[PDB]
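Participant:
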Ligand SMILES: [Mg+2]
Ligand SMILES: [Mg+2]
Ligand SMILES: [Mg+2]
Ligand SMILES: [Zn+2]
Ligand SMILES: [Zn+2]
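Protein chains in written order, with the entry's author numbering: chain Lp, 35 to 77, 89 to 142; chain LU, 45 to 204; chain Lz, 24 to 62; chain SR, 35 to 41, 47 to 134, 146 to 196; chain LM, 2 to 178; chain LT, 51 to 149; chain Lr, 223 to 316; chain Lj, 66 to 103; chain LC, 175 to 261.
(1) Under the rule that 16 or more other beta-carbon atoms within 10 Å means buried, what is residue 72 (chain Lp), buried or exposed?
(2) Quick one: using the 10 Å Cβ neighbour count with 16 as the cut-off for buried, is residue 161 (chain LM) buried or exposed?
(3) So is residue 186 (chain SR) buried or exposed if we call it buried at 16+ other beta carbons inside 10 Å?
(4) Roughly how many angstroms lie between the CA atoms of residue 62 (chain Lz) and residue 144 (chain LU), to the nearest whole one?
(5) State the start and end residues of the unbroken beta strand (DSSP E) segment that holds residue 151 (chain LM).
(6) With the cut-off set at 8 Å, would you say residue 152 (chain LU) and residue 77 (chain LU) are in Cβ contact?
(7) With distances taken from CA atoms, which of Lr:276, Lr:269, Lr:268 is nearest residue 255 (chain Lr)?
(8) Against chain Lr, does residue 118 (chain LU) count as a neighbour if the rule is that its beta carbon must be under 8 Å from one of theirs?
(9) Leaving out five residues on either side along the sequence, give the residues of the same chain with a beta carbon under 7 Å from the beta carbon of residue 41 (chain LM).
(10) Where does residue 72 (chain LM) sit, in a helix, a strand or coil, going by DSSP?
(11) Select from LU:140, LU:173, LU:194, LU:162 the residue whose C-alpha is nearest the C-alpha of residue 83 (chain LU).
(12) Between residue 189 (chain LC) and ligand 1, is the CB less than 7 Å from at least one heavy atom?
(13) With a threshold of 16 other CB atoms inside 10 Å of the CB of residue 71 (chain Lj), please say whether the residue is buried or exposed.
(14) Closer than 7 Å by beta-carbon distance: list the chain LU residues that pair up with residue 51 (chain Lp), in chain order.
(15) Could you check whether the stretch 138-148 of chain LM touches the stretch 60-70 of chain LM, counting it as contact only if at least three pairs of C-beta atoms, one from each stretch, sit closer than 8 Å?
(16) Less than 8 Å between the beta carbons of residue 90 (chain LM) and residue 62 (chain LM), yes or no?
(17) Is it right to say residue 121 (chain LM) is buried, meaning 16 or more other beta carbons lie within 10 angstroms of its own, or is it exposed?
(18) Does residue 103 (chain LM) pass the burial test, meaning 16 or more other C-beta atoms within 10 Å, or should it be called exposed?
(19) Which bits of chain LM does residue 70 (chain LT) rub up against, with CB to CB less than 7 Å?
(20) Kindly examine ligand 5 and report whether one of its heavy atoms sits closer than 7 Å to the Cβ of residue 75 (chain Lj).
(21) Residues of chain Lz with CB closer than 9 Å to the CB of residue 132 (chain LU), please, in chain order.
(22) Less than 8 Å between the beta carbons of residue 58 (chain LM) and residue 137 (chain LM), yes or no?
(23) Count the other C-beta atoms from every protein chain shown that fall within 10 angstroms of the C-beta of residue 128 (chain LT), then say buried if there are 16 or more, exposed otherwise.
(24) With a cut-off of 8 Å, does the C-beta of residue 58 (chain Lp) fall near any C-beta of chain LT?
(25) With a 10 Å radius around its C-beta and 16 neighbouring C-beta atoms as the bar for buried, classify residue 195 (chain SR) as buried or exposed.
(26) Under 7 Å: does the beta carbon of residue 237 (chain LC) sit that close to some heavy atom of ligand 3?
(27) Beta-carbon within less than 7 Å of residue 63 (chain Lp)'s beta-carbon, same chain only, minus the 5 sequence neighbours each way: which residues are those?
(28) Smallest Cα separation from residue 44 (chain LM): which of LM:15, LM:154, LM:98?
(29) Just to confirm, does residue 117 (chain SR) get its C-beta within under 7 Å of one of the non-hydrogen atoms of ligand 4?
(30) Within its chain, find whatever has a CB closer than 7 Å to the CB of residue 172 (chain SR); leave out the 5 residues flanking it on each side and keep chain order.
(31) Can you tell me which residues form a DSSP beta bridge with residue 148 (chain SR)?
(32) Could you tell me whether the stretch 258-269 of chain Lr touches the stretch 176-191 of chain SR, using the rule of 3 or more Cβ pairs below 8 Å?
(33) Using a Cβ-Cβ distance under 8 Å, would residue 172 (chain SR) count as near chain Lj?
(34) Could you tell me which of SR:97, SR:123, SR:56, SR:87 sits nearest to residue 54 (chain LU), measuring between CA atoms?
(35) Cβ atoms of residue 49 (chain LM) and residue 75 (chain LM): under 8 Å apart, would you say?
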């Protein structure tokens, strides 16, 4: 009836001590999300259905505040950078795993 | 009948934290025996894969796994490509279970096997001292020795 | 936990005269003991 | 209790009153708080105890009638003032900014236009020095000044 | 987890839209927990260069509560830099002018003073009442618990706890009350 | 000169980062950082802050097991403090002695 | 072969089709996709955790920026789990 | 009112009241005794 | 030119409608907004009505110039300082 932590989000943590008392055994099986707790997946007569390719060219300003409103940032991220920094950038960075 | 020491329920008559009762020792030791045993037959059957360990080595603690690489900051008096056993295993575990030493696990319980694969030196390190208006300027270059070990295997044995 | 370690008698720094700092770091794979460490 | 009607005719009559709860845990006490073992274990939130100790119109009852000692009486008085300012007594009214732990009267304090230096800072009083001696249940004491 | 690399990175570094409520909560405690969530200091993968902030949607900002007399004592000072731009307004005046300015300024003060503060402020969303836009409501995950406990006024006590609390004193029968 | 003094600052900043990450993960488990560290020390598990943050980031089930161990050790310490007598010391409060 | 993923080494086109073929060939009911977890949704940076179930029992879960790619990642996770090419599988013995 | 740091009664009809966070001596028969604490 | 007039909801008129001078009446009071006559870059004397400096009595090349623009302790000029510009 006692649990050190709530047992319903990550794993079913059960603690134990060995008979000698020299080591601690932890058993942690994963908790699976219930089906009841889930949610189902959300779902011209005469001419072509012509593809709707309009690309309005917004000027630099209203373009930048549209991007800022879309990505919840400021304008400074979208303003450009000079040749000094652009050539200072490493275009072949090291890559681990 | 109110007990001599009863306090009426106010906002701070009782401690804010909930009352916690610990399990009785005998049933808890029996539960420990059940958990330790069942984890031991999981080890016996082999219901695990890709073990990890936390190993004390060269005054550092490394979280290593199999097929791993570590860089030790000193020479190790070993030839290249040489198999050794890391023993001071603070922690070993896998999916669904882990084992904790107090502070070290048993050598009959866990082994770590490593391979000396490189004996190199670090890139040159600058040690520079400067104090102004006193003509104080000193420069030194060091190259600390280094040893690259590859952790080959982590193996556990039924001893719980 | 230096005060607790002092109360149990296990120094204050866990790198002081423990098995964790005094047992050998490694040994050969076949079982030969390592040469003793400098520290 | 007793009450007076006006109709002219004025007349006082006696209505039913509640008595002591049967056995106090500390019968040797001399104030009700000491009798019921509540000396440092109440705050401004305990509107049951405060509404027991107040008038129907939010006023305080006298010490000689409540049976309290002086220190407990002043603590109850300050708790009742803070609860009245916090709005925890909606029925004991006389005749929007949300508050709690309000020590002074809201209409009698002046704004701190000039906070001092950090060695002589003018702080904002919170709570009551009468309730400074309450049981803490924590390892930092009550901060009475903000 | 056996995820592919790009979905695993996306899952690890994705953003969460936490919900937070005003309604008799202290603005400082609201600001503290909101600033932790906006910095991303609640994540074990936190780093200042990792851009691991999360969105915080605070509602009922008009119904905040101040401890003590801070509604009159606390003064917010600004300066329009023309000679005579020094304006000092009490917390009450600032709240009656702008209902979200107090919590906004508290979170802005608690956020770290670098160039990421305005981006975290952009990720913070504040609303004075129960109304929240539908897109934000569809974004919301995890209403966080309130720091204060709503000290529960006298008139909504139930009769069970009222008569469970013992009566402390016996009044005399000859008192007017 | 900045390179040398930043070796010193690098060690300090990595320790601060590990402390911040451990605080984050423990608060996700409802436990506080001093409670977690002190109770792991009392349980004689001498994992340092680097591997504790590493287990927090990559191995959440093992970190939840560690947090449960620390919380149980704290509860055992509270029980011993309130008992104040000669009750059994607790299963996880036992001290392994070396000689 | 050591450190690469199964669908990094063997490129597949329809993981959902492969998964339903395997489930019907080992006599398991067809998997149902459900939205286990969801953050964002109206923003440009959503997160969808889509879980694949059979007989109301979870067999896979996958993250994505859209529901469709989350579903395909869940299908790939299910294929990896059924094949034994999981990331936590027992490493090669040398 | 006269501004004082220590407040004194100069009449039997002088009374002290604490108003607006400040102590005041009010006298209805001798209004020259009106005093305000600083 | 197009100008925006703030009206209540009961004063709405259909768009595309003509409006004439008899919308007002005699004996009324109105407010008139316009762009003033631009004088270009002007000095302090024509822009702000400064007194300037005397002509004779020893003065060097200063007769229409501003004096001190700030004080010595302040190491800048205050925003909103009356100095020459477009009027
Ligand atoms: Mg002139
Ligand atoms: Mg000259
Ligand atoms: Mg001249
Ligand atoms: Zn008393
Ligand atoms: Zn007088």
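Built from N, CA and C at the ideal position, the CB exists for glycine as well.
Facilitator: Looking at the coordinates:
(1) buried
(2) exposed
(3) exposed
(4) 27 Å
(5) Run containing residue 151 (chain LM): none; DSSP gives neither H nor E here.
(6) no
(7) Lr:276
(8) no
(9) 47, 53, 54, 55
(10) helix
(11) LU:140
(12) no
(13) exposed
(14) 76
(15) no
(16) no
(17) buried
(18) buried
(19) 42, 47
(20) yes
(21) 42, 43, 46, 47, 48, 49
(22) yes
(23) exposed
(24) yes
(25) exposed
(26) yes
(27) 45, 46
(28) LM:15
(29) no
(30) 162, 165, 166
(31) LM:66
(32) no
(33) no
(34) SR:87
(35) no
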